[PDB]
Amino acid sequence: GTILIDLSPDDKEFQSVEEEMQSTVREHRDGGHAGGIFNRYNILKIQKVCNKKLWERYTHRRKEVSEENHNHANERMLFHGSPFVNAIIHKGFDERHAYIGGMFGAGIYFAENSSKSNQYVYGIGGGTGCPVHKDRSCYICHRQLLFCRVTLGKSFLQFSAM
C-alpha cells in the first residue's frame, strides 16, 4: 500500500520541511536527558509518504470534523516521534499507539517543537536510547520523525504546567 518518494534537497518542498524541523528546536527542561544535547539536526533524507487508503481515510474524517466545527477542519502540520514509525506509515495510527501515560489522556500526541517529538523516537523518555550504543544523545545513529497532517477540529484548550 505505502510508497515512499525521496525528495531532492534542491526541491523547495524538502527545504521547507527541513526549515520546520530546524526552526522548532528548543531547549528542554531535562537538559537533554531524554532526547540528547543538540541545537540543530543533520537532515539525511526526507520522503513523502503515499498511501491512497490511509489518505482517503484521513480526508473522509476531515470532512466530518469540518462540518461539526463551523466548516473549519483546523488542520495542522505537526511532528510525531515514535519507535513505531514503520508501522505507522504502512498501517496508519490506531489505538495501539495511544499514550496511556500522556498528560491529556490515552491518545495520539503531536508536537509543534520538533525537539519535543525527538524525545520519543527511542521510546517514552527516550527509552534506553539508540539500539546500538544505548545512548539517548547518540550523534551517530540515524533517527526518524514523522511530519504529519493533523485535523484538530474544535480543540479543547488545556493549559499545562510545563
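Numbers for residues come from their place in the sequence shown, where the first is 1. Rigid core (definition): largest C-alpha set, two forms, superposition within 1.5 Å.
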Between 89-97 and 61-69, larger RMS Cα displacement in 9 other deposited structures of this protein after core fit | 89-97
The stretch that moves more in 9 other deposited structures of this protein, judged by RMS C-alpha distance from this form after core superposition, 98-106 or 35-43, is 98-106
Of 65-73 vs 105-113, the stretch with the larger average CA B-factor in the entry is 65-73
With respect to the recorded C-alpha B factors, which stretch has the higher mean value, 91-99 or 47-55?
-> 91-99
Chain-relative CA temperature factor third for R149 | lowest
Pull the Cα B-factor of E19 out of the PDB entry and bin it into the chain's lowest, middle or highest third.
-> lowest
Third of chain Cα B-factors occupied by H133 = highest
